[PDB]
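Report on the following structure.
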Amino acid sequence: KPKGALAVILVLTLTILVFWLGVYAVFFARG
Amino acid sequence: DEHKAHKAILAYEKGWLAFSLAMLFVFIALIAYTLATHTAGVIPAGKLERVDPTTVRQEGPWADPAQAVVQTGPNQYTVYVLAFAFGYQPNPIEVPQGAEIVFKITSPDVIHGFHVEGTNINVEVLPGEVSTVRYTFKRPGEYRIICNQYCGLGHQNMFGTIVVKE
Amino acid sequence: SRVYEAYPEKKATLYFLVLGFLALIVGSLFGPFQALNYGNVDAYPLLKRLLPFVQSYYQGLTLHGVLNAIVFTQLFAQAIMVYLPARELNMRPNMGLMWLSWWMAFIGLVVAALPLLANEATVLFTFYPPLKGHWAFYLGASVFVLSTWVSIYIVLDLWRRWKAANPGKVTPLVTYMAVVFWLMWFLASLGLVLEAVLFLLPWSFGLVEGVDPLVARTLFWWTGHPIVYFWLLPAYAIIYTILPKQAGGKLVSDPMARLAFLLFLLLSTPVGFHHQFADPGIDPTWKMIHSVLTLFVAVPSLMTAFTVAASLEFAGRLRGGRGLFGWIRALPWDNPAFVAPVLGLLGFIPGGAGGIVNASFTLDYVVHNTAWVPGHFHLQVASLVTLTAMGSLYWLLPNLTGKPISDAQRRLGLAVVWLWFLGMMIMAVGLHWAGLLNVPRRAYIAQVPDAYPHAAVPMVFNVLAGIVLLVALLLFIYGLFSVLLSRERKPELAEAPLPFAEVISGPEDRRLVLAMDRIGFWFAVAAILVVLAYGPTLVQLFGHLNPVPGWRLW
Ligand code: HAS
Ligand code: HEM
Ligand SMILES: CCCCCCCC/C=C/CCCCCCCC(=O)OC[C@H](O)CO
Ligand SMILES: CCCCCCCC/C=C\CCCCCCCC(=O)OC[C@H](O)CO
Ligand SMILES: CCCCCCCC/C=C\CCCCCCCC(=O)OC[C@H](O)CO
Ligand SMILES: CCCCCCCC/C=C\CCCCCCCC(=O)OC[C@H](O)CO
Ligand SMILES: CCCCCCCC/C=C\CCCCCCCC(=O)OC[C@H](O)CO
Ligand SMILES: CCCCCCCC/C=C\CCCCCCCC(=O)OC[C@H](O)CO
Ligand SMILES: CCCCCCCC/C=C\CCCCCCCC(=O)OC[C@H](O)CO
Ligand SMILES: CCCCCCCC/C=C\CCCCCCCC(=O)OC[C@H](O)CO
Ligand code: CUA
Ligand SMILES: [O-][O-]
Ligand SMILES: [Cu+2]
């Protein structure tokens, strides 16, 4: 398996999830 | 080795591509949901509603700011806001808490922002058009309006005020 | 030079590169001051001593945006996406036409610059009506951009000339990239051309009293989004077809790369309402559609991320790296041309994460028109694209000029790249963070020093990033001219082959590649997708035009 390639996309998923879930929380706090 | 590395690389890339698509799909489901809540009120009405910027301070509902706030439902207020260089009329905007506020905002000069700080109200105000948006204030007090579309040299200091009464 | 006689395309490209970077440097002068502004620190007095023609924050913001985001990026795309395919094919691009395109650009830039430097066009690089600039700004912008139509003709010409000599061969990688690239650009360009010709130019010449703000904004963002993919794909051509070699490895999938690009040809243009989420007179159903279409166009990069990371890993393994981490340290970190793109990819992770946030219909109300947005796009274009173009100096300059890079010049290169990366990282934090605190973009906020008290913390990031980037920019200037105006000239450099990567073995999807090469057919699909996505809305807008008087408020 491409272990490193996957680590990269782990970080990328986590970054995306944190961003998106983050702003979702904010959107609703302001709703 | 290379033949193998390639096979494994391509197998797993397909894993990734399916999961990512999935996650994108879920976000779409989650956006959809917001569309079904009352929080979607801040999306503009996409109806065209054209006015004449050159006469809007002389005639119509933007002409007399002390009458900008009309009760249009048993728990509903429409508020006619002028965004202009460089400010908002009326100042303040006075609405009651708990009530659904339909904002109908326009401009006589150039484009402005109407960004109500602390809320999801964020709408571009284009001269010639009326922007319509809906919010219910849950908490009483003072919200700042921020202009967030560059509108000339007075941009950085163009602010307004919404007072939400108890 | 005999070399230029045999390869006159080296000289045209060199010209596109230098002008681009000049535009970059001049544009970028304004950045540190802007960074200090978003840190609540007013250094504009200082600037107006150095540059007395500068009348305001917003004139500088116009120059900054026009020069970095429009001029340098386009000059760069024209450089890379002509010369690369031309070298891959070993064919001569039409030299008459190539020079027509450079002078078009240069002429147009100079005409547009006159009113910009004279404070007659302080509209932003978005120039939304009814804010009304000098006719020369619109004319010269129009002629600058149209230069790309010539480019489009050139690479299509190369393409077909090749196919003729080579019937029943598939299109080679870089050239398939460049071709879908340029065809994508042609559809996308139509929006702005439309806007300039139907509206901006009549108006500004005085032929018609008003312009409809909504219709102009709609036509602007037709072009307005895929212009960023126009910016991006030149970098991606290098990241895919060159970087793998620089890193010590190979490109791990020709077809995966072709697919990324093809997806960009299809999905780059029908998405622009993601800039008009807060606009009136656009139906919410159409905003949802474009929102969904926007989440799709994020796929080619989600894809790119894996393909490229895997290529990087393969390189690091080739070069002895053991472990889950060791393939990273095994890479050529002393090579500026490797570091620059890779750092840019790193920042691209939070960049695209913010793009994805922006594209969600209702989530955009949280961040629209706040410092968040500049936060997103400095990761995307001021970092990944600029860093890529930067590190190509160390391979592509020698190739075009015969001018060697000293070991000393290489070390300065690393310093700039890193300092640019890091500075951009630090600024991205101050901006996103300030954005979440409701600080507006496009605002001289140091002039209202008590307006945003809750933003004290991120502000210190913006200040820091300001001084850090000032140093990086100074160093970039010194270095560029240190190499450009250098003494030595070894011609066996200009004759060296571009460092194109090999593709890894082995077997592949020949039918996929073959389907993807049906380019005429994909071109039309893409164009249908635009008519479908923009048609009905635009027919209503045009059927109910409400023009307004223009204003000068500076
Ligand atoms: C180059 C320039 C540009 C790119 C690229 C870009 C990408 C995106 N953008 Fe954006 N953006 C928006 C949507 C997105 C989304 C969905 C993406 C996506 O394409 C992102 C996809 C990318 C990913 C999902 C990440 C993949 C990661 C990669 C590829 C890196 C992996 C790293 C590796 C492999 C390295 C590892 C190596 C080792 C050493 C370990 C929206 C809304 O939907 C708005 C309007 C918001 C508003 O309110 O105005 C917007 C506005 C902007 C503006 C300002 C417009 C203005 O001035 O008014 C600019 C100029 C800009 C630039 C650019 N934009 N964008
Ligand atoms: C020394 C590096 C640079 C610094 C410190 C810097 C800083 C800034 C900051 C603070 C702003 C926000 C100002 C505001 O919202 O009012 C900005 C806007 C901008 N930047 Fe840069 N910048 C840099 C280089 C670049 C580069 C390389 C690009 C293009 C490739 C770029 C593209 C833009 C554009 C498009 C704008 C938005 C203009 C507008 O909204 O009208 N920046 N930059
Ligand atoms: C390689 C280049 C990277 C650049 C990294 C450079 C280090 C940043 C600052 C270090 C000293 C700390 C400075 C703090 C001292 C004075 C700050 C102050 O009090 O501000 C003055 C005034 O408010 C303003 O108008
Ligand atoms: C290397 C450079 C990278 C730059 C990185 C950019 C920084 C932004 C990161 C995450 C934002 C996540 C959203 C933040 C959510 C915080 C608040 C929250 O969780 O929301 C509930 C709150 O009650 C509402 O008022
Ligand atoms: C909220 C959800 C929690 C988020 C937490 C992070 C999730 C990680 C995401 C993607 C990993 C993608 C890689 C999936 C691997 C697919 C398996 C595969 O295709 O492997 C075939 C191979 O041949 C076998 O031998
Ligand atoms: C392999 C596994 C297959 C199954 C995968 C399923 C993924 C489910 C993820 C998210 C569901 C979204 C739930 C939608 C509910 C949203 C409501 C919400 O968040 O409401 C907050 C707010 O206060 C209200 O007004
Ligand atoms: C690395 C990145 C770190 C980033 C860290 C993120 C910090 C921002 C968090 C939340 C903002 C959410 C906005 C919530 C707004 C509430 C304000 C409010 O409700 O007050 C106004 C009202 O008028 C009172 O009367
Ligand atoms: C708040 C944000 C400011 C801080 C920004 C931090 C963001 C990420 C920074 C660096 C990435 C480094 C990635 C790995 C770098 C590799 C260098 C390496 O491994 O060095 C090998 C060495 O040269 C022997 O050959
Ligand atoms: C590979 C390149 C590097 C990519 C890696 C960078 C990704 C950044 C992700 C998250 C940072 C956000 C910081 C955490 C958010 C803080 C939330 C918070 O405390 O917000 C206030 C809230 O209201 C409670 O008080
Ligand atoms: C030598 C290489 C490493 C050194 C790099 C420095 C480390 C980063 C830490 C702080 C940056 C400080 C810069 C900010 C100083 C400006 C002062 C300022 O604006 O302070 C705001 C304060 O809140 C007024 O109320
Ligand atoms: Cu009104 Cu900015
Ligand atoms: O532009 O996203
Ligand atoms: Cu876009």
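Every chain in the structure tokens takes a letter, A first, then B, and so on in the order presented; its residues are numbered from 1, and the ligands are numbered from 1 following the presented order.
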
What are the closest atom pairs, with distances in Å to one decimal, for all residues of chain C lying within 6 Å of chain A? Consider only C-alpha atoms, order rows by chain and residue number, and present the result as CSV.
```
residue,atom,partner,partner_atom,distance
C:309,CA,A:5,CA,5.1
C:310,CA,A:5,CA,4.8
C:324,CA,A:4,CA,5.7
C:349,CA,A:12,CA,5.7
C:353,CA,A:16,CA,4.6
C:357,CA,A:20,CA,5.5
C:366,CA,A:27,CA,5.9
```

| message | Residues of chain B were defined as contacting chain A if any atom lay at most 12 Å from it, counting only C-alpha atoms; please report them as a PyMOL selection string. | response | chain B and resi 1+4-17+19-24+26-28+30-31+33-34+37-43+116-122+134-139

Please produce, as a Markdown table, a per-residue contact table for chain B versus chain C (criterion: any atom at most 6 Å away, only C-alpha atoms considered), showing the nearest atom pair and its distance in Å to one decimal, sorted by chain then residue number.
```
| residue | atom | partner | partner_atom | distance |
| --- | --- | --- | --- | --- |
| B:2 | CA | C:505 | CA | 5.6 |
| B:3 | CA | C:506 | CA | 5.1 |
| B:44 | CA | C:280 | CA | 5.6 |
| B:46 | CA | C:283 | CA | 4.0 |
| B:47 | CA | C:281 | CA | 4.9 |
| B:48 | CA | C:281 | CA | 4.5 |
| B:110 | CA | C:130 | CA | 5.6 |
| B:120 | CA | C:365 | CA | 5.6 |
| B:122 | CA | C:365 | CA | 5.5 |
| B:123 | CA | C:278 | CA | 4.6 |
| B:124 | CA | C:278 | CA | 5.5 |
| B:131 | CA | C:280 | CA | 5.1 |
| B:148 | CA | C:440 | CA | 5.1 |
| B:150 | CA | C:442 | CA | 5.9 |
| B:152 | CA | C:553 | CA | 4.7 |
| B:153 | CA | C:554 | CA | 5.3 |
| B:156 | CA | C:443 | CA | 5.1 |
```

| request: Could you please determine the separation between CA of residue 161 (chain B) and CA of residue 359 (chain C) in Å, to one decimal place? | output: 29.1 Å

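Taking atom 5 (C, counted along the ligand's line) of ligand 10 as the reference point, CA of residue 47 (chain C) is found at 23.1 Å.
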
| task | Per DSSP on the backbone, filter region 164-332 of chain C down to the residues in helix (DSSP H, G or I) and report them as a VMD selection string. | result | chain C and resid 164 to 165 173 to 205 213 to 224 226 to 241 243 to 246 254 to 267 272 to 275 284 to 297 299 to 318 326 to 329

| Shell of 9 Å around residue 199 (chain C), only C-alpha atoms, local chain residues under 3 positions omitted, as a PyMOL selection string | chain C and resi 194-196+202-204+208+210-212+216

Mind writing the picked residues with C-alpha atoms as a PDB file, in the first residue's frame?
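New file out-v5.pdb:
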```
ATOM      1  CA  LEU C 194     -19.538  39.608 -23.400  1.00  0.00           C
ATOM      2  CA  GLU C 195     -19.613  41.977 -20.410  1.00  0.00           C
ATOM      3  CA  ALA C 196     -16.860  44.214 -21.750  1.00  0.00           C
ATOM      4  CA  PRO C 202     -20.112  51.287 -24.576  1.00  0.00           C
ATOM      5  CA  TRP C 203     -20.746  52.660 -21.090  1.00  0.00           C
ATOM      6  CA  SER C 204     -17.203  53.916 -20.490  1.00  0.00           C
ATOM      7  CA  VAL C 208     -24.903  54.507 -22.951  1.00  0.00           C
ATOM      8  CA  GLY C 210     -26.049  53.103 -17.381  1.00  0.00           C
ATOM      9  CA  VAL C 211     -25.202  49.455 -16.768  1.00  0.00           C
ATOM     10  CA  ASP C 212     -27.273  46.783 -15.018  1.00  0.00           C
ATOM     11  CA  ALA C 216     -22.532  42.687 -15.216  1.00  0.00           C
TER      12      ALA C 216
END
```

| request: Rank nothing, just name the residue among C:403, C:449, C:418, C:31 nearest to residue 493 (chain C), using only C-alpha atoms. | output: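 Closest to residue 493 (chain C), using only C-alpha atoms: C:403.
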
When the cut-off is 9 Å and you count only C-alpha atoms and all ligand atoms, which residues lie near ligand 8, shown as a compact mmCIF listing (two decimals) with N, CA, C and O atoms, in the first residue's frame?
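Full text of result-v3.txt as output:
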```txt
# COMPACT_ATOMS: atom_id res chain seq x y z
N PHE C 325 7.21 8.12 7.39
CA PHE C 325 7.68 9.51 7.32
C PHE C 325 8.93 9.70 6.46
O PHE C 325 9.21 10.80 6.01
N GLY C 326 9.70 8.63 6.28
CA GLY C 326 11.06 8.76 5.78
C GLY C 326 11.12 9.11 4.31
O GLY C 326 12.14 9.58 3.82
N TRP C 327 10.03 8.86 3.59
CA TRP C 327 9.98 9.20 2.18
C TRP C 327 9.95 10.72 2.01
O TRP C 327 10.37 11.25 0.98
N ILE C 328 9.47 11.42 3.02
CA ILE C 328 9.48 12.87 3.01
C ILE C 328 10.89 13.41 3.15
O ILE C 328 11.30 14.29 2.40
N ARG C 329 11.66 12.91 4.11
CA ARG C 329 12.98 13.50 4.32
C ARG C 329 13.96 13.05 3.23
O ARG C 329 15.06 13.60 3.10
N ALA C 330 13.55 12.07 2.44
CA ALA C 330 14.43 11.52 1.42
C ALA C 330 14.41 12.38 0.15
O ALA C 330 15.16 12.14 -0.79
N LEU C 331 13.53 13.38 0.13
CA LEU C 331 13.28 14.14 -1.08
C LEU C 331 14.28 15.29 -1.22
O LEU C 331 14.94 15.64 -0.24
N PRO C 332 14.43 15.84 -2.43
CA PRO C 332 15.48 16.83 -2.70
C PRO C 332 15.15 18.22 -2.13
O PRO C 332 14.91 19.17 -2.87
N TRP C 333 15.19 18.31 -0.80
CA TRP C 333 14.83 19.53 -0.07
C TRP C 333 15.84 20.67 -0.23
O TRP C 333 15.58 21.81 0.17
N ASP C 334 16.98 20.37 -0.84
CA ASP C 334 17.94 21.40 -1.19
C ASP C 334 17.71 21.96 -2.60
O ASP C 334 18.46 22.83 -3.06
N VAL C 339 11.15 22.32 -3.82
CA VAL C 339 10.57 22.82 -2.58
C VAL C 339 9.35 23.70 -2.87
O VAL C 339 8.30 23.54 -2.26
N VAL C 342 6.01 22.05 -3.65
CA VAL C 342 5.60 21.11 -2.61
C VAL C 342 5.07 21.85 -1.39
O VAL C 342 4.09 21.45 -0.78
N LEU C 343 5.73 22.95 -1.05
CA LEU C 343 5.24 23.83 -0.01
C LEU C 343 3.89 24.41 -0.42
O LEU C 343 2.94 24.47 0.38
N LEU C 346 1.27 22.02 0.12
CA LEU C 346 0.98 21.85 1.53
C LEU C 346 -0.07 22.84 2.02
O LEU C 346 -1.07 22.45 2.65
N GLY C 347 0.16 24.12 1.72
CA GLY C 347 -0.80 25.17 1.98
C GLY C 347 -2.12 24.97 1.26
O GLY C 347 -3.18 25.39 1.73
N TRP C 418 10.77 29.36 1.15
CA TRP C 418 10.35 29.11 2.53
C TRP C 418 9.74 30.34 3.21
O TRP C 418 8.70 30.25 3.86
N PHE C 421 6.41 30.87 1.55
CA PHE C 421 5.49 29.89 2.09
C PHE C 421 5.08 30.31 3.47
O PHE C 421 3.91 30.56 3.71
N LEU C 422 6.04 30.40 4.39
CA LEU C 422 5.72 30.61 5.81
C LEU C 422 4.91 31.88 6.03
O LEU C 422 3.90 31.86 6.72
N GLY C 423 5.35 32.97 5.41
CA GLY C 423 4.63 34.24 5.46
C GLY C 423 3.18 34.10 5.04
O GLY C 423 2.28 34.59 5.73
N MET C 424 2.94 33.44 3.91
CA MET C 424 1.60 33.10 3.47
C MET C 424 0.83 32.24 4.48
O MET C 424 -0.33 32.51 4.75
N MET C 425 1.47 31.22 5.04
CA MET C 425 0.85 30.46 6.12
C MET C 425 0.43 31.37 7.29
O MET C 425 -0.70 31.29 7.78
N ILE C 426 1.34 32.22 7.75
CA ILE C 426 1.04 33.04 8.92
C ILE C 426 -0.13 33.98 8.58
O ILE C 426 -1.01 34.24 9.41
N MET C 427 -0.16 34.46 7.34
CA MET C 427 -1.18 35.41 6.98
C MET C 427 -2.52 34.70 6.83
O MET C 427 -3.58 35.28 7.09
N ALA C 428 -2.48 33.45 6.39
CA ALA C 428 -3.71 32.73 6.16
C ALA C 428 -4.45 32.57 7.49
O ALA C 428 -5.69 32.53 7.55
N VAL C 429 -3.69 32.50 8.58
CA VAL C 429 -4.28 32.29 9.90
C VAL C 429 -4.92 33.58 10.40
O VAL C 429 -6.06 33.57 10.87
N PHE C 461 -0.75 38.28 13.78
CA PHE C 461 -0.34 37.41 12.68
C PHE C 461 -0.20 38.21 11.39
O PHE C 461 0.78 38.07 10.67
```

| request: Would you mind telling me which residue in C:476, C:144, C:348, C:240 lies nearest to ligand 2 when using only C-alpha atoms and all ligand atoms? | output: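 Among the listed residues, the smallest separation from ligand 2 belongs to C:476.
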
| task | One decimal, Å: what's the distance from CA of residue 498 (chain C) over to CA of residue 312 (chain C), could you say? | result |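 Those two atoms sit 19.0 Å apart.
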
| message | For ligand 12, return the neighbouring residues as number ranges by chain (distance at most 9 Å; only C-alpha atoms and all ligand atoms). | response | C: 221, 224-229, 272, 274-275, 294, 355, 358-359, 376-377

| note | Across C:155, C:70, C:431, C:474, the smallest distance to residue 457 (chain C), with only C-alpha atoms counted, is shown by C:431

| said: I want to know what sits within 8 Å of residue 102 (chain B), based on only C-alpha atoms, with residues of the same chain fewer than 5 positions away left out; could you give that as a PyMOL selection string? | reply: chain B and resi 76-79+132-135

Just write the chosen residues, N, CA and C atoms, as a short mmCIF file (atom, residue, chain, number, x, y, z; two decimals), in the first residue's frame.
```cif
data_model
loop_
_atom_site.label_atom_id
_atom_site.label_comp_id
_atom_site.auth_asym_id
_atom_site.auth_seq_id
_atom_site.Cartn_x
_atom_site.Cartn_y
_atom_site.Cartn_z
N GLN B 76 -44.66 39.82 12.22
CA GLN B 76 -43.75 40.05 11.09
C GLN B 76 -43.57 41.54 10.78
N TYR B 77 -42.32 41.96 10.60
CA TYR B 77 -42.03 43.32 10.17
C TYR B 77 -41.21 43.35 8.89
N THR B 78 -41.63 44.17 7.94
CA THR B 78 -40.82 44.48 6.78
C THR B 78 -40.10 45.77 7.05
N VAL B 79 -38.83 45.82 6.70
CA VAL B 79 -38.03 47.00 6.97
C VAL B 79 -37.36 47.48 5.70
N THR B 132 -33.98 41.13 -0.75
CA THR B 132 -34.92 40.73 0.30
C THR B 132 -34.41 39.53 1.09
N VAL B 133 -34.40 39.66 2.42
CA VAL B 133 -33.84 38.64 3.29
C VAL B 133 -34.62 38.58 4.61
N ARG B 134 -34.54 37.45 5.30
CA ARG B 134 -35.42 37.20 6.42
C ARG B 134 -34.61 36.67 7.59
N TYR B 135 -34.78 37.29 8.75
CA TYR B 135 -34.08 36.85 9.95
C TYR B 135 -34.99 37.10 11.14
#
```

Could you list, with a cut-off of 6 Å and counting only C-alpha atoms and all ligand atoms, the residues of chain C near ligand 2, each shown with its nearest atom pair and the distance in Å rounded to one decimal, rows sorted by chain and ascending number, as a Markdown table?
```
| residue | atom | partner | partner_atom_place_in_ligand_line | distance |
| --- | --- | --- | --- | --- |
| C:28 | CA | ligand 2 | 1 (C) | 5.2 |
| C:31 | CA | ligand 2 | 4 (C) | 3.5 |
| C:32 | CA | ligand 2 | 5 (C) | 4.2 |
| C:34 | CA | ligand 2 | 10 (C) | 4.4 |
| C:35 | CA | ligand 2 | 10 (C) | 3.9 |
| C:38 | CA | ligand 2 | 10 (C) | 5.9 |
| C:61 | CA | ligand 2 | 38 (C) | 5.7 |
| C:62 | CA | ligand 2 | 41 (O) | 5.9 |
| C:65 | CA | ligand 2 | 34 (C) | 4.1 |
| C:68 | CA | ligand 2 | 29 (C) | 4.1 |
| C:69 | CA | ligand 2 | 29 (C) | 4.1 |
| C:124 | CA | ligand 2 | 41 (O) | 4.5 |
| C:125 | CA | ligand 2 | 41 (O) | 5.3 |
| C:374 | CA | ligand 2 | 12 (C) | 5.7 |
| C:378 | CA | ligand 2 | 42 (N) | 6.0 |
| C:381 | CA | ligand 2 | 30 (C) | 4.8 |
| C:382 | CA | ligand 2 | 27 (C) | 3.7 |
| C:386 | CA | ligand 2 | 27 (C) | 5.8 |
| C:441 | CA | ligand 2 | 15 (O) | 3.8 |
| C:442 | CA | ligand 2 | 16 (O) | 3.1 |
| C:443 | CA | ligand 2 | 16 (O) | 4.6 |
| C:466 | CA | ligand 2 | 5 (C) | 5.3 |
| C:469 | CA | ligand 2 | 1 (C) | 4.8 |
| C:470 | CA | ligand 2 | 1 (C) | 5.9 |
| C:473 | CA | ligand 2 | 1 (C) | 5.8 |
```
